[PDB]
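File shown here: work_23.pdb, holding PDB, C-alpha atoms.
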```pdb
ATOM      1  CA  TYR A 495       8.650 -76.365 -78.522  1.00  0.00           C
ATOM      2  CA  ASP A 496       7.818 -75.312 -74.983  1.00  0.00           C
ATOM      3  CA  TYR A 497       4.274 -74.603 -73.851  1.00  0.00           C
ATOM      4  CA  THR A 498       2.420 -73.116 -70.903  1.00  0.00           C
ATOM      5  CA  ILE A 499      -1.273 -73.845 -70.346  1.00  0.00           C
ATOM      6  CA  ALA A 500      -3.454 -71.001 -69.073  1.00  0.00           C
ATOM      7  CA  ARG A 501      -6.906 -71.587 -67.611  1.00  0.00           C
ATOM      8  CA  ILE A 502      -9.634 -69.076 -66.784  1.00  0.00           C
ATOM      9  CA  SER A 503     -13.269 -69.277 -65.703  1.00  0.00           C
ATOM     10  CA  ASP A 504     -14.673 -66.331 -67.689  1.00  0.00           C
ATOM     11  CA  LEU A 505     -17.606 -67.142 -69.978  1.00  0.00           C
ATOM     12  CA  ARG A 506     -16.940 -65.162 -73.153  1.00  0.00           C
ATOM     13  CA  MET A 507     -13.754 -67.217 -73.565  1.00  0.00           C
ATOM     14  CA  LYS A 508     -15.850 -70.431 -73.571  1.00  0.00           C
ATOM     15  CA  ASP A 509     -14.969 -73.051 -76.174  1.00  0.00           C
ATOM     16  CA  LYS A 510     -12.037 -71.249 -77.798  1.00  0.00           C
ATOM     17  CA  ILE A 511      -8.268 -71.622 -78.005  1.00  0.00           C
ATOM     18  CA  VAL A 512      -6.006 -68.565 -78.132  1.00  0.00           C
ATOM     19  CA  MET A 513      -2.268 -68.832 -78.731  1.00  0.00           C
ATOM     20  CA  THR A 514       0.591 -66.425 -79.355  1.00  0.00           C
ATOM     21  CA  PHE A 515       4.324 -66.019 -78.902  1.00  0.00           C
ATOM     22  CA  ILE A 516       5.817 -65.149 -75.525  1.00  0.00           C
ATOM     23  CA  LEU A 517       9.282 -64.507 -74.131  1.00  0.00           C
ATOM     24  CA  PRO A 518       9.527 -66.062 -70.639  1.00  0.00           C
ATOM     25  CA  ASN A 519      13.046 -64.816 -69.880  1.00  0.00           C
ATOM     26  CA  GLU A 520      12.597 -61.036 -70.150  1.00  0.00           C
ATOM     27  CA  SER A 521      11.075 -58.367 -67.927  1.00  0.00           C
ATOM     28  CA  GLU A 522      11.691 -55.098 -69.758  1.00  0.00           C
ATOM     29  CA  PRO A 523       9.745 -53.611 -72.691  1.00  0.00           C
ATOM     30  CA  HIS A 524      10.870 -55.127 -75.986  1.00  0.00           C
ATOM     31  CA  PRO A 525       9.278 -55.502 -79.439  1.00  0.00           C
ATOM     32  CA  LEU A 526       9.163 -59.303 -78.984  1.00  0.00           C
ATOM     33  CA  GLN A 527       6.866 -59.201 -75.941  1.00  0.00           C
ATOM     34  CA  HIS A 528       3.227 -59.853 -76.740  1.00  0.00           C
ATOM     35  CA  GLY A 529       2.189 -57.434 -74.018  1.00  0.00           C
ATOM     36  CA  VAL A 530       3.359 -55.477 -71.007  1.00  0.00           C
ATOM     37  CA  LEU A 531       1.175 -54.622 -68.023  1.00  0.00           C
ATOM     38  CA  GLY A 532       1.636 -50.928 -67.304  1.00  0.00           C
ATOM     39  CA  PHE A 533       1.554 -50.782 -63.512  1.00  0.00           C
ATOM     40  CA  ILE A 534       2.261 -48.044 -60.978  1.00  0.00           C
ATOM     41  CA  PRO A 535       1.627 -48.750 -57.264  1.00  0.00           C
ATOM     42  CA  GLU A 536      -1.210 -46.971 -55.490  1.00  0.00           C
ATOM     43  CA  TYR A 537      -1.852 -46.854 -51.749  1.00  0.00           C
ATOM     44  CA  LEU A 538      -4.984 -46.664 -49.619  1.00  0.00           C
ATOM     45  CA  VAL A 539      -6.514 -43.250 -48.903  1.00  0.00           C
ATOM     46  CA  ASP A 540      -8.057 -43.105 -45.425  1.00  0.00           C
ATOM     47  CA  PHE A 541      -9.423 -39.976 -43.756  1.00  0.00           C
ATOM     48  CA  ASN A 542     -12.695 -38.330 -42.785  1.00  0.00           C
ATOM     49  CA  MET A 543     -14.720 -36.264 -45.264  1.00  0.00           C
ATOM     50  CA  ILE A 544     -17.649 -34.319 -43.826  1.00  0.00           C
ATOM     51  CA  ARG A 545     -19.463 -34.144 -47.156  1.00  0.00           C
ATOM     52  CA  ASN A 546     -23.156 -33.866 -47.981  1.00  0.00           C
TER      53      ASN A 546
ATOM     54  CA  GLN B 547     -18.572 -30.442 -51.219  1.00  0.00           C
ATOM     55  CA  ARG B 548     -14.806 -29.982 -51.673  1.00  0.00           C
ATOM     56  CA  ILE B 549     -11.777 -30.252 -49.389  1.00  0.00           C
ATOM     57  CA  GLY B 550      -8.908 -27.804 -49.062  1.00  0.00           C
ATOM     58  CA  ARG B 551      -6.557 -26.190 -46.603  1.00  0.00           C
ATOM     59  CA  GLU B 552      -7.202 -22.442 -46.565  1.00  0.00           C
ATOM     60  CA  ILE B 553      -5.035 -19.761 -44.949  1.00  0.00           C
ATOM     61  CA  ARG B 554      -6.538 -16.590 -43.496  1.00  0.00           C
ATOM     62  CA  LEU B 555      -5.411 -13.117 -42.448  1.00  0.00           C
ATOM     63  CA  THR B 556      -7.634 -10.524 -40.806  1.00  0.00           C
ATOM     64  CA  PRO B 557      -6.067  -7.070 -40.361  1.00  0.00           C
ATOM     65  CA  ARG B 558      -7.005  -4.482 -37.722  1.00  0.00           C
ATOM     66  CA  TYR B 559      -5.679  -0.925 -37.942  1.00  0.00           C
ATOM     67  CA  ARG B 560      -6.795   2.650 -38.479  1.00  0.00           C
ATOM     68  CA  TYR B 561      -5.255   5.965 -39.533  1.00  0.00           C
ATOM     69  CA  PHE B 562      -6.207   9.082 -37.562  1.00  0.00           C
ATOM     70  CA  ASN B 563      -5.605  12.770 -38.306  1.00  0.00           C
ATOM     71  CA  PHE B 564      -4.898  15.226 -35.498  1.00  0.00           C
ATOM     72  CA  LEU B 565      -3.417  18.506 -36.704  1.00  0.00           C
ATOM     73  CA  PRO B 566      -5.742  20.552 -38.939  1.00  0.00           C
ATOM     74  CA  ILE B 567      -3.026  22.138 -41.116  1.00  0.00           C
ATOM     75  CA  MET B 568      -2.160  21.223 -44.702  1.00  0.00           C
ATOM     76  CA  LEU B 569       0.063  22.870 -47.303  1.00  0.00           C
ATOM     77  CA  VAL B 570       0.387  21.373 -50.793  1.00  0.00           C
ATOM     78  CA  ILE B 571       2.115  22.797 -53.880  1.00  0.00           C
ATOM     79  CA  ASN B 572       1.569  21.844 -57.526  1.00  0.00           C
ATOM     80  CA  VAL B 573       4.278  21.838 -60.207  1.00  0.00           C
ATOM     81  CA  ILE B 574       3.423  21.697 -63.913  1.00  0.00           C
ATOM     82  CA  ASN B 575       5.021  22.111 -67.348  1.00  0.00           C
ATOM     83  CA  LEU B 576       8.505  21.056 -66.204  1.00  0.00           C
ATOM     84  CA  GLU B 577       9.111  19.160 -69.447  1.00  0.00           C
ATOM     85  CA  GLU B 578       7.506  22.022 -71.372  1.00  0.00           C
ATOM     86  CA  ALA B 579       9.805  24.596 -69.769  1.00  0.00           C
ATOM     87  CA  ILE B 580      12.909  22.468 -70.320  1.00  0.00           C
ATOM     88  CA  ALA B 581      12.195  21.705 -73.982  1.00  0.00           C
ATOM     89  CA  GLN B 582      11.382  25.311 -74.959  1.00  0.00           C
ATOM     90  CA  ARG B 583      13.742  28.128 -74.006  1.00  0.00           C
ATOM     91  CA  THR B 584      12.361  30.951 -71.864  1.00  0.00           C
ATOM     92  CA  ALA B 585      14.024  34.367 -71.718  1.00  0.00           C
ATOM     93  CA  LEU B 586      12.868  37.413 -69.762  1.00  0.00           C
ATOM     94  CA  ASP B 587       9.449  38.901 -69.046  1.00  0.00           C
ATOM     95  CA  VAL B 588      10.360  42.485 -69.860  1.00  0.00           C
ATOM     96  CA  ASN B 589       7.691  45.144 -70.192  1.00  0.00           C
ATOM     97  CA  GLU B 590       8.402  48.318 -71.946  1.00  0.00           C
ATOM     98  CA  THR B 591       6.910  50.625 -69.305  1.00  0.00           C
ATOM     99  CA  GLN B 592       5.072  52.693 -71.875  1.00  0.00           C
ATOM    100  CA  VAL B 593       7.272  55.759 -72.213  1.00  0.00           C
ATOM    101  CA  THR B 594       6.234  55.571 -75.814  1.00  0.00           C
ATOM    102  CA  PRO B 595       3.105  57.721 -76.131  1.00  0.00           C
ATOM    103  CA  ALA B 596       0.398  55.443 -74.777  1.00  0.00           C
ATOM    104  CA  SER B 597       0.800  56.456 -71.136  1.00  0.00           C
TER     105      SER B 597
END
```

As structure tokens, the full file:
Amino acid sequence: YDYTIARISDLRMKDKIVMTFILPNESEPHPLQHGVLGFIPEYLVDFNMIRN
Amino acid sequence: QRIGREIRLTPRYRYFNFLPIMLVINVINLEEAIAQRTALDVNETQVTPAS
């Protein structure tokens, strides 16, 4: 068995262990992924608004 | 409080009337006259005893 250890500072995860099953060799959506991060790029919006 | 590009037109013109003459005609019952036959307005110039 292969493992990867994940560490995070957030409190509400204090004093717990969470484990699941992960495919490290895939990038596309597939029923054997535990989760996929739906991401579309967004860019900065800079201009003047004379409002209020 | 909102932003948009708005496009404007402002027209300038005027219609004037010079000649004071007008003739207009009115036409009615065209369909009525076509659908129903008309035939002769003949009037019996009263050589029967009424005149």

CA of residue 542 in chain A to CA of residue 555 in chain B: how many Å, to one decimal?
->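 Those two atoms sit 26.2 Å apart.
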
Could you tell me which residues the ChimeraX specification (/A :<12) & /B returns for this structure, as a ChimeraX atom specification?
-> /B:547-550

Using C-alpha atoms, can you export the residues from the last selection as a PDB file, in the frame of the given file?
```pdb
ATOM      1  CA  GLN B 547     -18.572 -30.442 -51.219  1.00  0.00           C
ATOM      2  CA  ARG B 548     -14.806 -29.982 -51.673  1.00  0.00           C
ATOM      3  CA  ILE B 549     -11.777 -30.252 -49.389  1.00  0.00           C
ATOM      4  CA  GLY B 550      -8.908 -27.804 -49.062  1.00  0.00           C
TER       5      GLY B 550
END
```

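Considering the residues A:516, A:500, A:505, A:511 and counting only C-alpha atoms, residue 528 in chain A has its shortest atom-to-atom contact with A:516.
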
How would you write, as a list in words, the residues chosen by the PyMOL selection byres ((chain A and resi 497) around 12) on this structure?
->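 Taken on the displayed file, the PyMOL selection byres ((chain A and resi 497) around 12) yields the residues residues 495, 496, 498, 499, 500, 513, 514, 515, 516, 517 and 518 of chain A.
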
May I ask for the distance between CA of residue 512 in chain A and CA of residue 533 in chain A, given in Å to one decimal place?
-> 24.2 Å

State, in Å with one decimal place, the distance from CA of residue 531 in chain A to CA of residue 502 in chain A.
->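 Spanning CA of residue 531 in chain A to CA of residue 502 in chain A is a straight-line distance of 18.1 Å.
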
Output range 518-532 of chain A as a JSON list (two decimals), keeping the file's coordinate frame, making sure N, CA, C and O atoms are there.
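Full text of out_29.json as output:
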```json
[["chain", "number", "residue", "atom", "x", "y", "z"],
["A", 518, "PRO", "N", 9.61, -65.83, -72.09],
["A", 518, "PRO", "CA", 9.53, -66.06, -70.64],
["A", 518, "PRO", "C", 10.73, -65.58, -69.85],
["A", 518, "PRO", "O", 10.71, -65.64, -68.62],
["A", 519, "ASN", "N", 11.78, -65.12, -70.52],
["A", 519, "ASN", "CA", 13.05, -64.82, -69.88],
["A", 519, "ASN", "C", 13.34, -63.33, -69.81],
["A", 519, "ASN", "O", 14.47, -62.95, -69.49],
["A", 520, "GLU", "N", 12.37, -62.47, -70.10],
["A", 520, "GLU", "CA", 12.60, -61.04, -70.15],
["A", 520, "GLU", "C", 11.58, -60.33, -69.27],
["A", 520, "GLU", "O", 10.50, -60.86, -68.99],
["A", 521, "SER", "N", 11.93, -59.13, -68.82],
["A", 521, "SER", "CA", 11.08, -58.37, -67.93],
["A", 521, "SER", "C", 10.87, -56.94, -68.42],
["A", 521, "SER", "O", 9.93, -56.26, -68.00],
["A", 522, "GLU", "N", 11.74, -56.47, -69.30],
["A", 522, "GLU", "CA", 11.69, -55.10, -69.76],
["A", 522, "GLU", "C", 10.94, -54.99, -71.08],
["A", 522, "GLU", "O", 10.81, -55.97, -71.81],
["A", 523, "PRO", "N", 10.42, -53.80, -71.40],
["A", 523, "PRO", "CA", 9.74, -53.61, -72.69],
["A", 523, "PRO", "C", 10.65, -53.95, -73.87],
["A", 523, "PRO", "O", 11.82, -53.58, -73.88],
["A", 524, "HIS", "N", 10.10, -54.66, -74.85],
["A", 524, "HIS", "CA", 10.87, -55.13, -75.99],
["A", 524, "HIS", "C", 9.90, -55.53, -77.08],
["A", 524, "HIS", "O", 8.85, -56.12, -76.80],
["A", 525, "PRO", "N", 10.22, -55.24, -78.34],
["A", 525, "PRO", "CA", 9.28, -55.50, -79.44],
["A", 525, "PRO", "C", 8.87, -56.96, -79.58],
["A", 525, "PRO", "O", 7.93, -57.24, -80.34],
["A", 526, "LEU", "N", 9.52, -57.90, -78.89],
["A", 526, "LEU", "CA", 9.16, -59.30, -78.98],
["A", 526, "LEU", "C", 8.35, -59.79, -77.79],
["A", 526, "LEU", "O", 8.16, -61.00, -77.63],
["A", 527, "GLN", "N", 7.88, -58.88, -76.93],
["A", 527, "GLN", "CA", 6.87, -59.20, -75.94],
["A", 527, "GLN", "C", 5.50, -59.09, -76.60],
["A", 527, "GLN", "O", 5.28, -58.22, -77.44],
["A", 528, "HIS", "N", 4.58, -59.98, -76.22],
["A", 528, "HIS", "CA", 3.23, -59.85, -76.74],
["A", 528, "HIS", "C", 2.48, -58.74, -76.02],
["A", 528, "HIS", "O", 1.58, -58.12, -76.58],
["A", 529, "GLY", "N", 2.84, -58.49, -74.77],
["A", 529, "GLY", "CA", 2.19, -57.43, -74.02],
["A", 529, "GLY", "C", 2.93, -57.15, -72.73],
["A", 529, "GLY", "O", 3.61, -58.02, -72.17],
["A", 530, "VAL", "N", 2.78, -55.92, -72.27],
["A", 530, "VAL", "CA", 3.36, -55.48, -71.01],
["A", 530, "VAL", "C", 2.28, -54.78, -70.20],
["A", 530, "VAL", "O", 1.53, -53.95, -70.71],
["A", 531, "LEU", "N", 2.20, -55.14, -68.92],
["A", 531, "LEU", "CA", 1.18, -54.62, -68.02],
["A", 531, "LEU", "C", 1.70, -53.34, -67.39],
["A", 531, "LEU", "O", 2.56, -53.39, -66.50],
["A", 532, "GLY", "N", 1.21, -52.20, -67.86],
["A", 532, "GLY", "CA", 1.64, -50.93, -67.30],
["A", 532, "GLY", "C", 1.09, -50.72, -65.91],
["A", 532, "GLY", "O", -0.11, -50.52, -65.73]]
```
